[PDB]
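Chains as they are written, first to last, in our numbering: chain C, 1 to 188; chain A, 189 to 376.
A quick write-up on the structure given underneath.
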């Protein structure tokens with residue numbers, strides 16, 4: 001009866017956008033797996049923070065399904081996610097079974113690369129808007145967090161807390177999100 | 189002409205309170221060293237995020253001095269910082285040379301353990317107030333970020349961004365802090 005979250009960690013990922021959702025989700029009792037795209041080895045993030053993943057993506061793929069798949073941002077991290085066939089397979093499967101997909105900052109551009117959720121309203125970091133909108137396959141929003149159907153997107157590192165709490169609310173409900181929020185000393 | 193920051197990482201540290209200041213400070217061009225209290229080995233943080241430090245505290249001690257020493261929170265992390273004689277030596281030295289000392293959430297309780305900055309106005313996480321105020325050696329504040337002399341304190345994970353930008357403003361000035369802040373998509 002425990003919800004499961006998959007966080008895909010690639011080199012160049014934004015470490016703040018990785019750690020905040022992982023931390024907040026585990027505070028909410030969600031079983032989170034931080035999966036390294038390239039394997040089990042430590043991952044150097046965009047600002048040189050080095051994080052040890054819980055498993056390789058290959059091994060984590062076999063222990064599905066996951067109630068949410070989380071794509072952190074970071075320009076180079078998002079590019080590596082966009083180029084990975086393994087990510088394409090995971091996202092298409094998640095879309096077919098109507099599971100939640102969450103991406104923040106530059107992360108949403110991986111959805112375009114893999115043709116995920118066309119027709120949805122999405123947001124990105126302002127610097128990633130043009131890339132996300134190439135072809136007009138999505139409708140753009142400037143909301144700090146945007147949720148359309150099974151696609152949940154957010155804008156940047158400064159929205160990571162709201163991004164993470166939105167995932168918790170979608171999975172465990174509004175009361176759990178509120179209980180997890182209070183000890184964090186968030187402003188609003 | 190480059191400022192240097194020391195971040196002391198112990199088991200049980202709050203990983204959000206560690207990664208956000210490290211990330212933000214490196215965005216500001218500060219040379220940050222994440223030093224493992226127990227050595228070079230990977231550190232399991234409070235919510236099971238595993239971070240590889242840049243160096244052992246022993247080795248980082250020899251490459252001082254640092255313009256700021258940063259103590260993350262996390263109840264068990266702060267306890268390990270409070271029990272470490274090496275931390276006591278680093279903090280007393282930093283106080284004598286009038287360098288900046290920054291601690292967030294439960295981190296400030298290490299200042300009491302090591303008799304640092306008595307008489308200063310400080311803040312902590314609400315759950316750490318009673319511990320910090322044992323003896324009445326500080327004056328308590330409920331501000332999200334508090335700076336009194338060379339002691340800079342903050343309340344919790346949700347204040348980490350303001351905590352980090354305050355460090356940047358103290359070291360590199362208000363203009364650099366504002367430039368670093370804008371791409372983060374912070375609310376206020």
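Here a beta-carbon is modelled for each residue, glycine too, at the ideal position from N, C-alpha and C.
Could you tell me which whole alpha helix (DSSP H) segments of length 4 or greater appear in the region 301-372 of chain A? If we require 4 residues or more, the alpha helix (DSSP H) runs fully inside the region 301-372 of chain A come out as 317-320, 348-360 and 362-369.
For residue 155/C and chain A, any beta-carbon pair shorter than 8 angstroms? True, the Cβ-Cβ gap to chain A drops below 8 angstroms.
Give, in chain order, every unbroken run of the alpha helix (DSSP H) that is at least 4 residues long and sits entirely within the region 81-113 of chain C. If we require 4 residues or more, the alpha helix (DSSP H) runs fully inside the region 81-113 of chain C come out as 85-96 and 109-113.
Could you name the residues of the region 365-376 of chain A whose beta carbon sits closer than 9 angstroms to any beta carbon of chain C, in the order they occur along the chain? Within the region 365-376 of chain A, contact with chain C at the beta-carbon level (separation under 9 angstroms) is assigned to 369, 371, 372, 373, 374, 375 and 376.
Rounded straight-line distance, which links the Cα of residue 232/A to that of residue 206/A: Computed Cα separation, rounded: 12 angstroms.
Is it buried or exposed for residue 189/A, if we count other Cβ within 10 angstroms and need 16 for buried? By the C-beta density criterion, residue 189/A is exposed, having fewer than 16 other C-beta atoms within 10 angstroms.
If I'm right that residue 150/C touches residue 100/C with Cβ under 8 angstroms, what's the distance once you round it to whole angstroms? Residue 150/C to residue 100/C, Cβ: 5 angstroms. Contact.
Cβ-Cβ separation, residue 56/C to residue 74/C (assumed contact under 8 angstroms), whole Å: About 19 angstroms; that fails the 8 angstroms criterion.
Sort out for me which residues DSSP pairs residue 56/C with in a bridge. According to DSSP, which records beta bridges pairwise, residue 56/C is partnered with 36/C.
Whose Cβ in chain A lies nearer than 8 angstroms to the Cβ of residue 27/C? Residues of chain A passing the Cβ test: 235.
If we define contact as Cβ-Cβ less than 8 angstroms, is residue 347/A a contact residue for chain C? At a cut-off of 8 angstroms between beta carbons, residue 347/A contacts chain C.
Residue 249/A to residue 272/A span [Cα, whole Å]: Cα-Cα distance, rounded: 14 angstroms.
Measure the C-alpha to C-alpha separation of residue 324/A and residue 341/A and round it to an integer number of angstroms. In this structure, the CA atom of residue 324/A is about 17 angstroms from the CA atom of residue 341/A.
According to a CB-to-CB cut-off of less than 9 angstroms, which residues of the region 313-334 of chain A neighbour chain C? Listed by position along the chain: 313, 314, 315 and 332.
In the DSSP assignment, the alpha helix (DSSP H) including residue 207/A goes from what residue to what residue? Where residue 207/A is concerned, the enclosing alpha helix (DSSP H) stretches over 203-215.
How many angstroms separate the CA atom of residue 328/A from the CA atom of residue 317/A? Their backbone Cα atoms lie some 8 angstroms apart in a straight line.
Please name the residue in 67/C, 115/C and 127/C whose C-alpha comes closest to that of residue 104/C. Of 67/C, 115/C and 127/C, the smallest CA-CA separation from residue 104/C is found for 127/C.
Chain A beta carbons: is any one of them nearer than 8 angstroms to that of residue 72/C? No, residue 72/C does not count as interfacial toward chain A.
Using beta-carbon positions only, say whether residue 414/A and residue 307/A come within less than 8 angstroms of one another. Not covered by the structure: residue 414/A. The range shown for chain A is 189 to 376.
Residue 364/A versus residue 160/C: straight-line alpha-carbon distance, rounded: Cα to Cα, residue 364/A sits roughly 22 angstroms from residue 160/C.
For residue 30/C, would you say it is in contact with chain A, using Cβ-to-Cβ distances shorter than 8 angstroms as the test? Judged by the 8 angstroms Cβ criterion, residue 30/C is not in contact with chain A.
Any idea if residue 97/C is buried or exposed, counting beta-carbon neighbours within 10 angstroms, 16 or more meaning buried? Within 10 angstroms of the beta-carbon of residue 97/C lie fewer than 16 other beta-carbons, which makes it exposed.
Residue 203/A and residue 237/A: beta carbons closer than 8 angstroms? Taking 8 angstroms as the Cβ cut-off, residue 203/A and residue 237/A qualify as a contacting pair.
Between residue 13/C and residue 72/C, is the Cβ-Cβ spacing less than 8 angstroms? Cβ distance < 8 angstroms, so residue 13/C and residue 72/C count as in contact.
Residue 185/C vs residue 24/C beta-carbon contact at 8 angstroms: No, the Cβ-Cβ distance between residue 185/C and residue 24/C is not below 8 angstroms.
Measure from the C-beta of residue 296/A to each C-beta in chain C and report whether the shortest distance is under 8 angstroms. Interface residue (Cβ-Cβ distance to chain C less than 8 angstroms): residue 296/A is not classified as such.
Which two residues bound the contiguous beta strand (DSSP E) that contains residue 196/A? For residue 196/A, the enclosing beta strand (DSSP E) stretches over residues 192-197.
Keeping to the same chain, check which residues put their C-beta closer than 7 angstroms to that of residue 331/A; ignore five residues upstream and five downstream. These residues qualify, in order along the chain: 311.
Would residue 195/A pass as an interface residue toward chain C - the criterion being a Cβ-Cβ separation below 8 angstroms? Not an interface residue.
Starting from the beta carbon of residue 23/C, find every residue of chain A whose beta carbon is closer than 7 angstroms, and list them in chain order. Those within 7 angstroms of residue 23/C in chain A are 203, 204, 235 and 237.
Grab me the residues of residue 219/A's own chain with a C-beta within less than 6 angstroms of its C-beta, minus the 5 sequence neighbours each way, in chain order. For residue 219/A, where only same-chain residues beyond five positions count, the Cβ hits under 6 angstroms are 190 and 192.
Determine the chain A residues that contact residue 168/C at a beta-carbon separation under 8 angstroms, and present them in chain order. Residues of chain A passing the Cβ test: none, with the nearest at roughly 13 angstroms.
How would you label residue 367/A, buried or exposed, when you count the other beta carbons within 10 angstroms and need 16 or more for buried? With fewer than 16 Cβ atoms within 10 Å of its Cβ, residue 367/A is classed as exposed.
List, in order along the chain, the chain A residues whose C-beta lies closer than 7 angstroms to that of residue 122/C? Ordered by position in chain A, no residue passes the 7 angstroms Cβ test against residue 122/C, which lies about 15 angstroms from the chain.
Check whether chain A comes within 8 angstroms of residue 65/C, counting only Cβ atoms and requiring the distance to be less than that. The beta-carbon of residue 65/C is placed no less than 8 angstroms from the nearest beta-carbon of chain A.
Under 9 angstroms between beta-carbons, which chain C residues line up against residue 256/A? List them in chain order, please. Result: empty, since nearest Cβ-Cβ is about 17 angstroms, beyond 9 angstroms.
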